[PDB]
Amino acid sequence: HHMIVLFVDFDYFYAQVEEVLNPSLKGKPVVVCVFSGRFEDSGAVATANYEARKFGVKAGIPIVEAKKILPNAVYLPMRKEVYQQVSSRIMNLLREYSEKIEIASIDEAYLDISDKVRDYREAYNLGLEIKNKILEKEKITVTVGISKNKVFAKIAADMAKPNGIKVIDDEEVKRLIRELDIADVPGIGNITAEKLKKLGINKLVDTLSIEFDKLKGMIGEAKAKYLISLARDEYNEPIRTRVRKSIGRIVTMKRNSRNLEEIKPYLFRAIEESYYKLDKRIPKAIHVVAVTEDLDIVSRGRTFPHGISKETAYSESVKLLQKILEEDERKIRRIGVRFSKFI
């Protein structure tokens, strides 16, 4: 009668991988950070286990104000590389419960189990063989979501977490389509959470009050045609294998600068590790982005008829860096690169 989307989402993943390697931390509040040798203890949180969130230590906030909230808690520099090996291992596992996998991010996969589950009953059934396998061969807990489409399966997971599992039968959908808050619909942030709020929309069903031709100039086609597409219990987007369309790095400079010969070594580092992550792909395009003193991003790109040798990237960055320097007047505080249009 339709499709069943199974969504797996790792719990406080980054932090949880720190525990799985060093239980000399479980129970205690773990905070995964990122800095730069800037001032010291400067940067932003990446994620924190649940025993640290209760106190106001979520991702995003500067590790600085976090200390004044939990000077007791354990702070760990982030090892993105480590979490990535764990993740590629869990992912490969899921890969054998359905060849119809996606992988929204490093800790999210969407499985299309419509082919191996006659009904939600057996879905939940797989919902658990899975949670257990993952927890067995990785000692990691994951929350699972199940429903008719990728969007709701996610919303599910984000309710059953942590460590949970949940289901949303056509009935609960309609109940959520009229009851779930709006700032909770996957794909909406505070910015769009304002236009919708005051305009006849406080909840997903509200986007049914007003016609798109009035919001299709407030949140723009794709978005509106997407919200409404849901409330109007019509949404049914497929589970396609996501592809990496851009890799790159950006670093943070000790001091803010505008002296091109000072910046260049930074930009080059960014290109080298950036070219490492790039593995064995060949970008035809390339952009240089810089974070000025007042976090206002400025980027400049170039696209070629052919791939970009590393030797040519190094050389093509400066021009893009200079282009920036001339036009924009402010200083530079964060400089990096980003390759695109892969062959």
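Sequential numbering from 1, following the sequence displayed. In this text, rigid core is short for the largest set of C-alphas that superpose within 1.5 Å between two forms.
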Core superposition done, the stretch whose Cα atoms deviate more in 8 other deposited structures of this protein, picking from 214 to 222 and 261 to 269, is 214 to 222
In terms of RMS C-alpha distance in 8 other deposited structures of this protein following rigid core superposition, 202 to 210 and 95 to 103 differ, and the farther one is 202 to 210
Between 290 to 298 and 56 to 64, the record assigns the higher mean Cα B factor to 290 to 298
The stretch carrying the higher mean Cα B factor in the deposited entry, 329 to 337 or 316 to 324, is 329 to 337
Max C-alpha B-factor within the set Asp184, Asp112, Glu108, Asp158 falls on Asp184
Among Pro162, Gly145, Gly189, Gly248, the highest C-alpha B-factor in the PDB entry belongs to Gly189
Chain-relative C-alpha B factor for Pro77 (record values, thirds): the lowest
On the chain's distribution of Cα B-factors, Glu129 falls within the third called middle
Tertile call for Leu6 (CA temperature factor, within chain, third-based) is the lowest
Among the modelled residues of its chain, the C-alpha B-factor of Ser309 falls in the third labelled middle
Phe268: C-alpha B-factor third of its chain, per the entry, is the middle
